[PDB]
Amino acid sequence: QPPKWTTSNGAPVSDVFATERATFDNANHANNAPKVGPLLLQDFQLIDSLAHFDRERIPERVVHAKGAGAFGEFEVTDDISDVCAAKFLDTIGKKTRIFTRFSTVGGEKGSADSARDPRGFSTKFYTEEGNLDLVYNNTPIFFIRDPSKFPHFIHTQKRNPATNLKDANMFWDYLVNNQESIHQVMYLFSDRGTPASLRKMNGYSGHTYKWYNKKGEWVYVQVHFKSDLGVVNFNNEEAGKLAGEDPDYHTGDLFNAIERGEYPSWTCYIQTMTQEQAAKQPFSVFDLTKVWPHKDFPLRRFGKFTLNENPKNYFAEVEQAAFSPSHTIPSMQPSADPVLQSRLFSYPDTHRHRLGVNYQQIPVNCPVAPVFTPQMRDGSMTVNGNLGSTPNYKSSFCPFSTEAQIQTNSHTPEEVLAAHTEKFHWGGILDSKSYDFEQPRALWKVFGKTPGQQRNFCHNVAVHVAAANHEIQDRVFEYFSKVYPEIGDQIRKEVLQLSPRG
């Protein structure tokens, strides 16, 4: 009943550790016990094992490398089929399997779980119509609304190219010269930048999406996932201490929660707005640096999910999980958010580099809907039979069905094109008085409704910018003072204690 140890080709071994050698004769030695001589090329059992060891590592995710995952279940609790025709949403009580990967953004594989960063909150829905990936963050906004900036931004959040050190000069240099970032910089430097538990943070679509009901009518949609335990944060000092005591604290917190039977859960809501309402708003629905104010666009519950099952093997199920915003179902479509648009290409592109072209044959990534793609064949590590003899083009010798086209309803026309295609840069140095700082001003007031939050924000910025040199510091005070002047000045005063000038 105990399994036989083997080689990769399945032949039983007789000793796990012994290896083959042309023994030297040492019988006359003071210590003749060893049997030692040059190793032999024919020791398959050894070379098999060393060559596999030598290839264990695959490239880490270019961002969001450090992660933790679980499986679970999503359940419809309200009817929203007036908004969305999705089959997994079409019945109250209908359940769907999910897999979630939580992550930080900037850190590599050995980095701390408690670092200041946005958190990835990425969920795969295994539906009867295909795998739906909701690739969300723990924040409803982001630093950019121009997709060309992401390599620049991410570089400045990581390490200097000569030293391999983190560098506050470049970190802040990028942000003060691309000032659309300020809304998410404030959220990042609140205490939500250091959640106390992955079970105690929210997820947000961030982007606007477009959902279609069975009549072909579409609305714009924001999605909100709210922890049933609420948002609970560490502060800057707690998080930094924990980084040196348990860099894997959140991984274990989630795992142990699930082993105990204390399954974390989330409630799911949408905001919706019509094209006619969008035209009336002071912000674009395509602007990822904006939220939709709750008073004008209230949240509407539609479901809940629970993570109740730890992975059996982390590398196979978590490290190898692939999520893409372009993995959708017919009723849920991307908006023209420039950042989302670029994400549609970027995830599959990176997946093919990191995992291989057939990465969706890896079990965690397999759809449960039947996949039928006759024209997509071969590629490295084809393990699913490659559709056998099925013709590999749209053929007369093989029948198939297509769906009927979701025809857009005249009641809700698609957006009308302007007269030409153009290039556009939606960013840079912005005016203090424009609506681009009004949401950051609103975030400051939201801080002020909870005692301690404004002071923590200013302290969290100061300990970080104190490391940058004095000229960058000054640009940073101006930058926050474009929100409210008192913010930049409270930060300047604390930075001057930490970083003296004389």
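So that there is no doubt, residue numbering starts at 1 and follows the sequence shown.
In this entry, 23-31 has the higher mean Cα B-factor, the comparison being between 23-31 and 434-442.
Looking at 390-398 and 203-211 together, the entry lists the larger mean B-factor for 390-398, computed on C-alpha atoms. Taking only the listed residues 472, 58, 70, 50, the entry reports the highest CA temperature factor at 472. Within the group 350, 410, 164, 361, the record's highest C-alpha temperature factor is found at 410. In the PDB entry, residue 92 places in the highest third of its chain by CA B-factor. When all modelled residues of the chain are sorted by CA temperature factor, residue 403 is found within the highest third. In this PDB entry, residue 105 carries a Cα temperature factor that places it within the middle third of its chain's modelled residues. Among all modelled residues in its chain, residue 382 ranks in the lowest third by Cα B-factor.
When all modelled residues of the chain are sorted by CA temperature factor, residue 455 is found within the highest third.
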